[PDB]
Structure formats: C-alpha cells, structure tokens
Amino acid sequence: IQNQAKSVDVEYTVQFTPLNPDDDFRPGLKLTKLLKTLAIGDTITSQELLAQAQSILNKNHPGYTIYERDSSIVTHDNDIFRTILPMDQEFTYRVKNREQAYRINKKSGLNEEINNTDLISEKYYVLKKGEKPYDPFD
C-alpha cells in the first residue's frame, strides 16, 4: 500500500422488496445517494444504514416500513473483490484501506488523482404498515 487513498466518498443504494405485490415498486431503479466522505478506518454501522434506508423508504414509499434486511454489500472503486457484510446480525463496516485512485490524462499521458469511492448496496424486505407477513398461517 504505497499511496493510501486520502478520502473515500461513501455512496449508498438500496432496493426494496414488498412481502406481497405492489406496482409502485417498479424494478430497475438505479440511483445512488452520497452518504458522506470518510477516511480509511472510519466506520459505518448497520443501525445507521437502517436509518438511511427507512428515511429513503419514507420519501419514496409512504405507508411502508422496513421488515428485514436481506443483504449488504460494499463495492470499492472499480475493484473486483467486494466485501459481503453479515446478513443476520448488526455490523460495523470499516472503510477499507486502499491505494489512491487516479486516471491517465488523455493528452499528456500523466496521472491525475481522483476521489476513491465505496458503493454500499442494500436490499430490504418491506411491509405495508398495518399488514402482516406469512401466508395463510405459517
């Protein structure tokens, strides 16, 4: 690790799946929200992510609530190896150490540094409030 990234923009994307059908949940949603810019070693906890998802859920889908988390994944920059966060327990994610990102200047062929990014992507099962899970009893 030669040139440690100086910052990591943590972006967030979440997909919501209703326990029983609803059109408003059009598949294909593709947006990210910048959560914050942190430093290598800073942490983000599952409770903080839940708060983020619940608030996003409130804006886009009033009347629904988080039922349960299905998966949480972090993709670091354009790196192929992703970190899979624990599925059924609270967790903390530490901003992974990394080499400072850069691209090659087309004209000069010299290196120009750019911001490193973490893309945290989650999926939660949601429920219309008032409603309950299950099938016809179990």
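Position 1 is the first residue in the sequence shown; the rest follow in order.
Asks: Averaging C-alpha B-factors over each stretch, which comes out higher, 41-49 or 81-89?
Replies: According to the entry, 81-89 carries the higher average C-alpha B-factor.
Asks: Tell me which stretch has the larger mean Cα B-factor in this entry, 125-133 or 7-15.
Replies: Comparing averages over the C-alpha atoms only gives 125-133.
Asks: In the PDB entry, which of 65, 75, 60, 72 has its C-alpha at the highest B-factor?
Replies: Result of the comparison over 65, 75, 60, 72: 60.
Asks: Is the Cα B-factor recorded for residue 111 in the lowest, middle or highest third of its chain?
Replies: It belongs to the lowest third of the chain when residues are ordered by C-alpha B-factor.
Asks: Sort the modelled residues of this chain by their C-alpha B factor and say whether residue 26 lands in the lowest, middle or highest third.
Replies: Ranked within chain, residue 26 CA B lands in the highest tercile.
Asks: For the chain shown, is the CA B-factor of residue 54 in the lowest, middle or highest third of its modelled residues?
Replies: Within its chain, residue 54 is a lowest-third residue by C-alpha B-factor, going by the deposited values.
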